[PDB]
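Each remark here refers to the structure printed beneath this line.
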Amino acid sequence: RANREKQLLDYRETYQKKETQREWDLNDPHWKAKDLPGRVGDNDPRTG
Amino acid sequence: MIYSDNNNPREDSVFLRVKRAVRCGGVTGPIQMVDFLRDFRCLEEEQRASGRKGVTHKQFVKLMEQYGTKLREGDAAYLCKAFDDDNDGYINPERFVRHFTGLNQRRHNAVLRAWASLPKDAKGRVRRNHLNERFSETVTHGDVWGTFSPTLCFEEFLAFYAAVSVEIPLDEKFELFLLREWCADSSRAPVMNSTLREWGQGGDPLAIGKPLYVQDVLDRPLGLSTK
Amino acid sequence: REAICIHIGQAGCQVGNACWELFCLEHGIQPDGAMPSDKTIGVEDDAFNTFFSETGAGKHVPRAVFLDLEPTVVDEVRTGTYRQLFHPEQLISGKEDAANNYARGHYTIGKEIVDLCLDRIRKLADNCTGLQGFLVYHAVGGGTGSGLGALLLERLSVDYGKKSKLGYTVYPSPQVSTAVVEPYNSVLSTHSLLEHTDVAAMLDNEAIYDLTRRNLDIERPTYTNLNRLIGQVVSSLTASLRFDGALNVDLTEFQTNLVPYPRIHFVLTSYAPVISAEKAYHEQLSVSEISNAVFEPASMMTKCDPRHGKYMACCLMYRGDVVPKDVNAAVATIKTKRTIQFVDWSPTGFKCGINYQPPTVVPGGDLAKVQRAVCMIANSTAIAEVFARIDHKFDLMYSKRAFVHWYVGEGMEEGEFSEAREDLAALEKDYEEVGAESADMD
Amino acid sequence: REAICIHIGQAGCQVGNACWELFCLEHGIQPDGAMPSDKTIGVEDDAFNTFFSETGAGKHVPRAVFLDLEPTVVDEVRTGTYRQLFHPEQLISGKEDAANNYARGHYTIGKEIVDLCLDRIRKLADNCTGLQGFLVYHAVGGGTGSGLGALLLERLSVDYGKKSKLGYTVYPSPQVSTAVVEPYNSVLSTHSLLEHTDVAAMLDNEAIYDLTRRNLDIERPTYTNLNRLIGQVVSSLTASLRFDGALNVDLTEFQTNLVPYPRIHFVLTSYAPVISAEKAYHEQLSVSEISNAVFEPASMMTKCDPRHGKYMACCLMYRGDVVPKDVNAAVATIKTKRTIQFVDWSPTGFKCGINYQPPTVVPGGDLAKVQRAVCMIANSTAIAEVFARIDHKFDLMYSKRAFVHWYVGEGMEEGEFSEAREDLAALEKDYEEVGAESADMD
Amino acid sequence: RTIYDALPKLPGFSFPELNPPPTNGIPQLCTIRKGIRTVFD
Amino acid sequence: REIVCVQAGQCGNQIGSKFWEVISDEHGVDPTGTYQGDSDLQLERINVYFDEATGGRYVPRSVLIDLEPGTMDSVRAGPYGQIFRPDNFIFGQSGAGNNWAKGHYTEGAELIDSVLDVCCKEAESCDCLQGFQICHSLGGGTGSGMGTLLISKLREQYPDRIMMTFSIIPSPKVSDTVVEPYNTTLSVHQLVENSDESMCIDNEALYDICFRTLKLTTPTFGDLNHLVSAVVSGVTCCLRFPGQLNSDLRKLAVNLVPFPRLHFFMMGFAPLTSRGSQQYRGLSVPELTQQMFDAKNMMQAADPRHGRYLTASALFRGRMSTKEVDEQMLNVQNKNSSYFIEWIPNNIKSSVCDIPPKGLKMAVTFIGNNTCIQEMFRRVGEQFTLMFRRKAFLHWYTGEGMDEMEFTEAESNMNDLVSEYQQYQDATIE
Amino acid sequence: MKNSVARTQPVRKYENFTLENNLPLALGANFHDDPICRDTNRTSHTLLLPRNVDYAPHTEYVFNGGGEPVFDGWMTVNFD
Ligand SMILES: Nc1nc2c(ncn2[C@@H]2O[C@H](COP(=O)(O)OP(=O)(O)OP(=O)(O)O)[C@@H](O)[C@H]2O)c(=O)[nH]1
Ligand SMILES: Nc1nc2c(ncn2[C@@H]2O[C@H](COP(=O)(O)OP(=O)(O)OP(=O)(O)O)[C@@H](O)[C@H]2O)c(=O)[nH]1
Ligand SMILES: Nc1nc2c(ncn2[C@@H]2O[C@H](COP(=O)(O)OP(=O)(O)O)[C@@H](O)[C@H]2O)c(=O)[nH]1
Ligand SMILES: [Mg+2]
Ligand SMILES: [Mg+2]
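Residue numbers (the working numbering), protein chains in the order written: chain A, 4 to 51; chain B, 8 to 234; chain C, 2 to 443; chain D, 2 to 443; chain E, 12 to 52; chain F, 16 to 445; chain G, 38 to 117.
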């Protein structure tokens with residue numbers, strides 16, 4: 004029984020990492036650091 | 008099932024699918040698993056020789072595809088992040104080896120006992136030619152001799168016998184199978200009845216020898232009727 | 002053995018997508034409808050039968066229908082990942098929505114689609130040998146969920162007989178809101194649903210958002226998280242039919258234990274080990290701790306406080322590695338508390354269930370992996386506050402005839418408002434009188 | 002066996018860091034609570050159970066809550082070295098402080114935060130099987146410590162009932178001072194603490210500064226030194242529950258032996274071998290020498306002189322290599338002294354305890370290593386002088402209503418100042434009456 | 012045959028987890044069909 | 016002299032599986048049905064519980080009934096499940112829902128004819144039939160309704176045999192079902208008229224046995240059902256092995272029941288002891304007698320100190336002298352004289368059997384008839400009156416079709432039973 | 038207890054015991070109660086914890102003590 008719970012802890016530590024979750028792009032800290040503003044300079048391709 | 012029950016809590020569904028793919032592909036499955044471990048070791052050795060600190064994600068998924076894993080959308084990145092500890096695009100070898108040859112506690116102890124039974128020499132490593140004739144008539148799974156590269160270490164042993172673990176759904180049957188496979192049962196502390204137990208001072212319920220009847224004690228001639 | 006699931010409208014179809022993702026991963030059916038390569042006739046493998054049927058070629062297909070009036074969500078299912086899992090006939094779609102009008106769904110648009118739905122359910126029920134109930138998912142806040150859900154439950158209730166109908170329902174949150182006309186649709190839906198449902202389980206999105214903020218560590222949750230929690234609760238309640246256990250519970254047992262009087266069929270639901278992986282390593286998760294968890298109102302999926310009422314019956318479902326002595330000790334400890342009160346006419350307040358299969362873990366999920374869980378559905382007089390708060394908003398709006406011309410134009414008599422409001426007033430009086438102590442009644 | 006610790010505010014959390022550092026190092030739990038990768042259990046024995054509980058995987062977590070209204074100190078605990086030891090729910094932090102107002106802590110803000118604290122303490126108390134008391138650390142000079150400590154002790158006293166509550170309290174020093182409004186908060190705190198505490202131990206920083214200058218050789222002491230001394234005292238008093246000994250003393254025995262009348266529960270504390278490493282090798286440290294040391298006022302941790310009053314009861318705890326015959330000879334010699342006086346109605350003035358475990362040495366500590374120590378808590382009429390000086394300063398400020406508008410703005414009636422002042426005046430008269438000789442009254 | 016099952020059937024001598032079930036499902040070995048009961052294995 | 020067993024409902028089928036495991040072990044029957052025993056003494060009375068099949072096989076005289084096959088599919092899949100005859104499984108298509116009226120009137124009458132056909136086929140095959148033995152719970156739905164229906168039909172069809180029941184009854188502290196008082200009251204009303212002798216068990220008492228006596232860290236329902244299988248197989252042991260003082264179910268009934276309504280008994284089994292303690296106490300007849308009368312070892316919540324014993328019976332297994340058995344029973348009657356009804360000169364019957372269960376040197380099973388059982392019925396009647404005044408959950412039962420007069424009659428009859436026990440407890444010679 | 042299930046009652050030494058050293062239990066000679074003769078002072082709830090056992094079981098228990106001539110005519114006579 005003791006080794007059973009130790010292996011369950013191993014599973015939790017290795018397969019359920021925080022960045023693995025599908026909704027990481029919304030709950031990520033530093034999400035405004037990795038994004039770009041609306042327009043960059045005067046030749047930004049994104050500004051249609 | 009195997010990744011949902013309490014008996015094997017370390018198992019994961021997608022990694023189970025990966026192991027199923029590498030085992031059932033194509034030389035039988037356990038041979039393929041030993042070969043997979045060997046290729047992982049040689050790849051990490053080559054990378055360490057080059058000057059980079061480990062196998063990357065791209066060649067890891069390339070190796071998986073080479074062994075024939077029909078991956079899906081997002082599972083490759085799932086495994087790459089699962090085995091990346093420092094989060095720097097690299098795969099940790101010790102975690103992957105521990106998970107790849109994973110087994111239950113009882114099965115792991117059975118494998119350890121069997122391995123401790125066989126003799127070794129030099130740096131803890133066995134040779135095929137010294138022991139192939141001694142255990143020829145008792146090894147039912149003859150693929151062990153094919154696993155020898157006539158040498159073999161503990162990691163390949165554990166990988167081989169973890170490969171065969173899926174065929175025996177009972178833990179006790181697995182233990183007895185391995186013990187009668189390699190004759191690892193201890194004379195002093197056995198677990199099977201069909202073994203030559205040695206005690207030193209005899210069994211304590213030693214009921215043999217004397218059936219201990221009661222008519223052999225009674226004095227029959229006293230019952231004669233005389234005046 | 003078999004149960005049929007009916008998914009209605011937007012919330013019901015998206016929750017159905019999460020539920021069938023979970024049921025596939027728990028039984029092991031691949032997204033292309035195939036058993037894994039290691040399963041054969043070598044060992045007895047039939048647990049899926051409660052939710053799946055196999056074709057003569059060995060493909061699996063699920064016992065469900067998805068109903069919608071707008072195409073977008075079902076077209077997303079048709080173009081998504083599970084395209085090959087569902088039979089194309091099962092995904093039924095109309096041309097245009099009920100535009101938040103219960104009257105449009107019930108009278109104008111649902112009457113055209115309803116005969117196809119009854120024909121499909123009949124075609125499923127003919128391919129069964131032990132159907133034992135319907136599970137229904139819908140929201141009462143929207144037009145098609147309310148109108149077509151009521152019309153379809155009425156038709157099912159006429160065609161079938163002596164069969165249980167269990168509803169999981171998303172009610173309008175007490176201050177979070179999505180549409181202006183929510184009170185009218187919720188009142189008219191609850192009026193039709195009152196006569197034709199055996200047990201109704203209530204869910205509120207505002208409560209599950211609070212639970213995902215409080216228990217899990219998600220700052221910006223979205224509906225997929227809520228749908229995964231709902232899928233876990235339904236999987237826990239239906240696990241008793243599919244896996245070995247000490248005390249099984251058939252769906253007919255819920256109605257017998259939870260409903261004291263035929264109108265008093267609205268129940269609260271809660272789930273215990275809602276926990277993140279990082280918290281899971283700071284705590285042991287024994288039977289008594291999760292049993293203590295299911296009684297806190299912070300664990301509930303509906304925004305109501307049971308301290309403002311009295312419990313009449315509780316049904317506790319334990320799944321996983323649990324021993325009966327611990328279940329008995331836990332229930333005996335809860336009974337001692339003074340802030341938990343039962344009506345004096347209900348002395349034997351508890352029903353227990355014990356199943357051996359622990360909950361399954363989904364690859365992108367946020368719940369930790371745990372060896373045991375407990376789920377609760379309970380009947381309490383506190384529910385009168387939920388109806389009272391919907392009725393006050395109805396009275397405020399109807400006092401000025403705020404939107405009635407829409408409902409009257411799409412085919413409904415104005416009288417139906419007064420009938421439904423009088424029925425909800427009588428339901429409020431039932432909840433007031435039932436809670437009166439017998440000693441004062443002499 | 003088990004005891005739960007509640008840490009409130011700045012002094013209580015900072016003293017908690019030193020306490021948990023000592024309890025971890027004395028039992029042997031690693032600062033992160035984990036174990037080496039090859040062991041199956043981190044320690045061979047259960048003795049830690051009084052202060053730590055282990056999970057089924059063997060991680061240790063401590064039985065404590067940290068309560069604060071400002072985040073900074075708790076955020077320092079969250080980012081420090083013991084991050085992995087505590088469960089994150091136990092570290093509770095609000096948004097803004099009680100701003101040195103008892104009224105702000107008691108009525109406006111602590112009233113909002115108190116229910117989370119009670120829920121966490123309940124979750125700890127449910128995971129216990131022989132709880133025998135609460136230990137509380139706080140300062141009565143500040144706003145949140147005074148107001149929320151009083152409110153929480155009142156709620157605890159209703160919910161848990163007979164269970165004992167022992168307080169370690171930092172009172173305002175007689176001439177060292179940090180804030181102007183200290184008298185109002187200390188008077189209102191003492192008013193609440195009279196009804197709702199079983200024994201209260203009082204500490205003053207000016208005494209610990211004097212002790213660190215004379216005995217230790219520290220020219221520039223800081224709060225970490227005082228907090229390590231307080232942690233040593235708490236470890237000495239609770240050692241009787243955790244290690245083998247000749248005469249054990251359960252936490253319930255203190256209240257029975259030290260309190261003669263229900264209001265007379267304020268006790269003085271002192272510790273004997275507070276000594277530096279350079280002095281420790283110049284002197285032997287026998288039982289009689291440390292017993293003679295504990296009665297000198299240079300050894301006390303509260304600034305009061307017991308020669309100006311009469312003792313009612315003394316409790317002497319000896320730990321380490323001590324033999325009972327020497328303790329008896331020492332106590333008889335102390336009894337012989339003429340500057341030590343007992344009230345004539347208290348003939349049997351002493352309670353003794355003897356434990357075999359010597360005091361632990363902390364890597365960064367300033368105390369020397371010694372084989373034995375003794376700690377005393379005693380009830381004496383000399384304590385009346387501390388209240389008289391606080392009451393005089395309160396009377397000076399209150400004659401002109403110097404700051405009352407803050408307290409009235411934060412929610413308190415002006416009447417509460419006058420009520421508390423007559424209750425403390427009555428406590429002064431109680432200390433005058435209890436000290437009157439029976440032979441004089443005939 | 013083995014030390015795990017070489018004990019008499021008396022209360023307190025059973026160790027259930029030593030023989031864990033490889034599966035937890037319910038087979039359909041007991042069916043009604045059209046009213047003709049089958050107890051097929 | 017062979018007994019036929021009936022197992023009904025989930026509790027009955029689960030306890031039955033463990034009972035047939037214990038009986039198959041004692042007679043050395045392999046789970047394939049082959050005899051593998053080690054003494055002829057095992058074979059010469061195998062007929063008592065087993066019928067003989069033609070080849071190398073044995074078949075058990077048991078009928079399995081349930082309304083949904085889930086439990087039957089679990090037991091048939093179990094390790095000993097193969098021994099059962101396939102034709103002996105009778106099942107419907109929808110559950111009882113834990114409702115007495117549904118289990119008794121709608122699906123009960125639908126299946127009862129097929130169950131009676133199987134019971135008659137099994138009974139008429141016997142060369143001499145002994146009583147029937149039935150296991151079921153009283154708080155459930157199919158157990159209570161179909162068990163009492165079948166008991167009534169067998170009492171009409173076999174009034175000269177013995178009717179014995181083992182029954183599970185609601186704990187005084189925690190309920191397992193919300194509607195237990197109705198099902199329990201109606202079932203006790205049916206049993207007191209139909210039954211000859213009935214034993215009652217509280218799961219709470221078995222939990223106290225497991226925690227206090229055996230100190231098991233993680234007990235499971237297999238342990239509780241093993242304790243029950245031990246006592247049930249023990250009461251009949253003298254029927255199927257030789258001994259110095261034979262006994263029989265009819266002789267037990269004649270010595271235990273003074274008046275026909277007073278047939279409810281408590282049970283106990285003695286050599287229960289924790290794995291750590293066995294080194295501290297050798298087996299002897301005084302030790303067995305002391306455990307036999309300790310209320311810690313009794314499987315009901317009522318305690319003997321509030322009532323009096325009218326009669327009791329002790330069946331001893333093992334090689335022992337009759338003098339210590341007789342003198343122990345005399346000493347216990349003399350030392351505790353206030354707890355024994357004074358107008359009966361000797362309340363205890365003893366019986367001795369030579370062959371103990373394997374692995375124990377000696378064993379005894381205890382059956383007791385004590386008036387303290389009236390407090391349990393009083394508690395159930397109180398909860399029934401609380402529920403009925405408010406018509407609690409009544410629409411389910413009334414919707415199936417029952418007349419309320421049935422409820423008032425059953426309550427009145429049970430209340431008269433508690434009054435009758437109270438009058439005989441305080442009776443005097445005068 | 039609710040701690041880990043792998044814990045077992047610890048092992049204590051209690052050296053300098055007169056009865057183990059071929060000496061009488063004389064007055065004023067109870068050295069094994071001297072705290073200097075112990076190896077630890079930590080109190081452990083032995084009344085709840087189980088004991089440690091190591092042995093090789095018996096694997097089996099005994100309960101019993103161990104313990105053509107057809108006629109087709111052609112009658113022939115032999116005097117054996
Ligand atoms: N939990 C949950 N709630 C949802 C979901 N989708 C919508 N809701 C809620 O349900 C209500 C809206 O009901 P809808 O399902 O959009 O209404 P509808 O059935 O589409 O009706 P029509 O608009 O006429 O087509 C709002 O309270 C939403 O918050 C979902 O996926 N999960
Ligand atoms: N011995 C000791 N005294 C301290 C410590 N920290 C603060 N104090 C004293 O306690 C009093 C200040 O109380 P605080 O704890 O700062 O008050 P608070 O609980 O933060 O209340 P708020 O200011 O409203 O947040 C002063 O007399 C300080 O000298 C400490 O770590 N040790
Ligand atoms: N001792 C024991 N009690 C059981 C067992 N199975 C169920 N019970 C109890 O019996 C009651 C439930 O009755 P049940 O058998 O489900 O009734 P049914 O639905 O008519 O078959 C509850 O009090 C359960 O605790 C078992 O294997 N052993
Ligand atoms: Mg829509
Ligand atoms: Mg502060």
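Note that the Cβ used here is the ideal one computed from N, Cα and C, for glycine as well.
query: Using the beta-carbon of each residue, find all residues closer than 6 Å to any heavy atom of ligand 4 and list them in chain order.; result: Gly10/C, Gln11/C, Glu71/C, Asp98/C, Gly143/C, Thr145/C
query: Which value, in whole angstroms, describes the spacing of the CA atoms of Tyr312/D and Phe351/D?; result: 10 Å
query: Which residue marks the beginning of the alpha helix (DSSP H) containing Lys326/D, and which one marks its end?; result: 325 to 337
query: Return the Cβ separation of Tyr14/A and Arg17/B in integer angstroms, given the expectation that the two are a contact with Cβ distance under 8 Å.; result: 5 Å
query: Go to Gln145/F, then tell me how far its beta strand (DSSP E) extends in each direction, as first and last residue.; result: 144 to 152
query: In whole angstroms, give me the CA-to-CA distance for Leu203/B and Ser194/B.; result: 6 Å
query: Is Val194/F helix, strand or coil when you go by DSSP?; result: coil
query: Quick one: what does DSSP say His393/D is sitting in, helix, strand or coil?; result: helix
query: Once DSSP output is grouped into helix, strand and coil, what is the label at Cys160/B?; result: coil
query: Give a yes or no on whether 9 Å exceeds the smallest Cβ distance from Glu279/C to chain D.; result: yes
query: Can you find the residues in the same chain that come closer than 8 Å, C-beta to C-beta, to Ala389/D, ignoring five residues on each side of it along the sequence?; result: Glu429
query: Is any non-hydrogen atom of ligand 2 found closer than 8 Å to the C-beta of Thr270/D, if you look at the structure I gave you?; result: no
query: Check the Cβ of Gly65/G against every Cβ in chain B and list those closer than 8 Å, keeping chain order.; result: Correct list: empty, because the minimum Cβ distance to chain B is about 43 Å.
query: Could you please give me the residues that DSSP links to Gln22/F through a beta bridge?; result: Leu79/F, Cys150/F
query: What does a CB cutoff of less than 6 Å around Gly111/C pick up in its chain, not counting 5 residues either side in sequence?; result: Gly148, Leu149, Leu152
query: Checking contacts by CB at 9 Å: is residue 93/E closer than that to chain G?; result: The requested residue 93/E is not part of the displayed model; chain E covers only 12 to 52.
query: Looking at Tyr185/C and ligand 1, is the gap between the Cβ and the nearest heavy atom below 8 Å?; result: no
query: Check residue 7/F in the structure and name its three-state DSSP category.; result: The requested residue 7/F is not part of the displayed model; chain F covers only 16 to 445.
query: Is it buried or exposed, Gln29/F, if we count other Cβ atoms within 10 angstroms and call 16 or more buried?; result: buried
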